[PDB]
Every structure is written in structure tokens, then in C-alpha cells.
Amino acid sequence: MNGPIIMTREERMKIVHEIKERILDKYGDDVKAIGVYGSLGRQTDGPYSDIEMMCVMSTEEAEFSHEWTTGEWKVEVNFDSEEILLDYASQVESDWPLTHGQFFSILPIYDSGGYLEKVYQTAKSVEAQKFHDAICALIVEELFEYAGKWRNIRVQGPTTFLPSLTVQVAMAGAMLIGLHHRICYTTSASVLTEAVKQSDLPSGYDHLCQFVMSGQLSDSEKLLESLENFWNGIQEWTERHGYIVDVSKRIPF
């Protein structure tokens, strides 16, 4: 295969409706709804964009996907029962701002009973405690661990890992901001650009992203200084907004 080729929006929609016809032929009355998400669902797909579709099934324990390429383009179709999809849409993980824009993206092509609207309503009505818990977990599970990794790099290397680690920290900060503002990023390319347009950023985040977005990640000393400043801004930011975790016990169970 020659990799992804240039395709028009008209050609991608022709593939979508061919897939819709095959889905309806194969699964029949078990198909509750079919939608397009991603850049094609918003009709902002570029020349090399891929195709992603979702399907709501009546069958229980239905949870499978077909993801393939023809050599020229690539398609991903997810099949989930209504209960599995609604449960997934109301769970807030650390990468929620990156995954759950799909449920604010849906272009319905087939819907037998407002199922896609019910999915959208569920995803947008998640109670605030779930975001609070996810933010506190993100600090412990990812950010604290990253700080140990770059502090280890400072004292024992290797600096060849620092550029990759810096990108990962900037992405983790984008998740932190996305959970706080309850915004889902449009595409992977817009994660950092949209994260730095949000108000009330932790101190040092925008400066750190400037290194990552510009690609100037060769000055290891300035990166470590930028990472520590971001880490300091995190601790001030979390206390100011009340994302406080009790850390007083050596063993909390």
C-alpha cells in the first residue's frame, strides 16, 4: 500500500453509506443507530483524514469493532450495545478530554429511536464529582510519576528520553485542563493548541507547551526548569481549586 491517499468529503461519505448498507444487511433489526464521528462527522475532514463510525446494537454483550485498511484509506467501525455505550459515555478517565469528544461529534445517518441523542445527553450530563475524582487521580497516577522520571533524568540520565517525556507531560497537562473545563478536544492535532487557550491555566503550562509545539526540545536544562515550574504551578493550581488528596498515611488501606 502507498499509505493514505487524498480523498474528498464526497468520496468518504460514499464509503460511509456503503458501510451503513452492509451493517443494516448483516445485522438487520439488531441495529439501533449508526453515526459518523471524528472529523468526518463534523464535516471538517482533510485530504488524508480517516473514517470512524459507531453503531448501537440491541444485542447484549455486543462490544466489538472492525478496523481495516484497503491500502488507500482506513476505516474503524465500533459496535456497542446501548447499555455498554451509555456506561462508557458516563465514565471519566484521565484521557476523557481526548476520547469523549466522539459523543459531541455524532453525525446520525440511521437512528430508529433517538438512541444517538440519548448517548449525547448522557455524555454531557456527567455529574461534577466524576471530573473531580479523575483530576485527583491524574495528579497521582501520571503527573507525580512523570516528575520522578525527569528528576531521575537530571541526576542519572538519560537525556535522550527527556524530549519524549516532555511531550507526555504537556499532554497530561492538557488532560488536566480538559477535565477541569469539561471540554473535549476536537482532534489530536488541536489538543495542545486548545489546551493553551483555556483560562486559569496552572503556572508554567503555556511556557512548557511552547517548547513542545515549536519542537525546540534540545536544551535539556531549560526543559527541566520548565518542567519544575509547571510542577510548582500544579501544586498551587490544585490547592486553589480544591483538588486535594489526603496524603498523610503511609498505607491508605
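Numbering starts at 1 and runs along the sequence shown.
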On mean C-alpha B-factor from the PDB entry, just flag whether 128 to 136 or 100 to 108 is the higher one. 100 to 108
Do the CA atoms of 70 to 78 or those of 164 to 172 have the higher mean B-factor in the entry? 70 to 78
Highest recorded Cα temperature factor - choice among 123, 177, 92, 143: 123
Among all modelled residues of this chain, ranked by Cα B factor, put residue 62 in the bottom, middle or top third, i.e. lowest, middle or highest. highest
Chain thirds of CA B-factor: placement of residue 24: highest
Chain thirds of CA B-factor: placement of residue 116: middle
Among the chain's modelled residues, which third holds the C-alpha B-factor of residue 48? highest
Check where residue 195 lands among this chain's C-alpha B-factors and tell me if it's the lowest, middle or highest third. lowest
